[PDB]
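Next up: a single chain in structure tokens, the form deposited in one PDB entry.
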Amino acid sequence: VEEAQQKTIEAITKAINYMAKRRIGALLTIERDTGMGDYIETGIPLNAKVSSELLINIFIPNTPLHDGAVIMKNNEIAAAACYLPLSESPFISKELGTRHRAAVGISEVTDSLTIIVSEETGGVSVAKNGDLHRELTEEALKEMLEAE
């Protein structure tokens, strides 16, 4: 179980690094104790093994799966192109767009952890508990995933 969790963290951070460097927008939500089946059902079902390659291919711009969220559950990619609720929080930086508001929005009604890559800057952020943690390095994201 521990080896599997580490393999999944490595797959995620490799995909995030690829997308950050190319400023490919991405939205990846990891289900925790709050069930997210209602959101999973809005997307395209995958129930796929995690790999950095599949995560990258999903988010390539102008492709069927790239808009909306990937939702991971039980160490698999449950679905892609999923709807998440947009936060109305007035405390999100006004320079950020829909992916960030969707990530904060799901984080207000679940215990999930969501990773966002900005298409404008390639900056990486995480939404949890209604807050957005901006300006993350790879080491910082890894620390969050291991804590989670």
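Residue positions are given as counts along the sequence shown, with the first one as 1.
What comes next is about the form solved in complex with a small molecule, which does not appear here.
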Heavy atom distance at most 4.5 Å to the small molecule in the deposited bound form, all of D67, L86 and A102: yes
Distance check, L27 to the small molecule in the deposited bound form, heavy atom within 4.5 Å: yes
In the deposited bound form, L46 touching the small molecule (heavy atom, 4.5 Å): no
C82, heavy atom within 4.5 angstroms of the small molecule in the deposited bound form: yes
